[PDB]
């Protein structure tokens, strides 16, 4: 097998390319493989808001591996040890929740990088990340193939957006509209013109800074709008929601 790491999601992001994603929220490797057969550009394995253990995450990576869709892992939080776990299992693209400050953003980057630059503990070289040694010179190759995406989803984070965007090692900034809406004084209502204005300017600011801009839009109209605004890693649904809706729609054909 190949001795070079590659991260196709990162490669595409660097080329400015638009990547269409789906949230995977069931924790199950069975459904992750099924979802991978759809051909989304990326799949967000949600270790934050679905009850995934580190083993569930591992199994979902193994499930999607031979398919074209690229996995992105969101851990429970961007702490040193939880980041350590997901990087060692060979998650090359991370989405980190609740990044509110440039200092938090620098600490997240430090957690992903080995000494000199960061604080990542050594051990991937004999784990899935270096494919048990088949990846030669893993410590030398790794930074170029790691892709780091941070969520800006509070009023504090928007206030700090420029500082965060200037942090070395951050590849993209993701806006989660429902948390942001809540924090801005409009809980349960991202549809308010103030919120929409903030979302649009924030996306444009992220792209203007040369970084990738991300979004989750479960309403296709909102997804089209964020794409128009320049978001270029956009998740367009949550698998469990698509599932439940499909189930309801089929059943409705037979019930009065």
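Positions refer to the first chain, counted from 1.
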Worksheet item: Mean C-alpha B-factor higher for 203-211, or for 190-198?
Response: 190-198
Worksheet item: Averaged over C-alpha atoms, is the B-factor higher for 19-27 or for 6-14 in this PDB entry?
Response: 6-14
Discussion item. Checking the record values for 91, 96, 147, 165, which has the greatest CA B factor?
Written reply: 165
Practice prompt. Identify, among 74, 155, 128, 84, the residue whose C-alpha carries the highest B-factor in the deposited PDB entry.
Written response: 155
Item to complete: Determine, from the deposited record, the chain-internal third of the Cα B-factor for residue 47: lowest, middle or highest.
Response: lowest
Practice prompt. Check where residue 222 lands among this chain's C-alpha B-factors and tell me if it's the lowest, middle or highest third.
Written response: highest
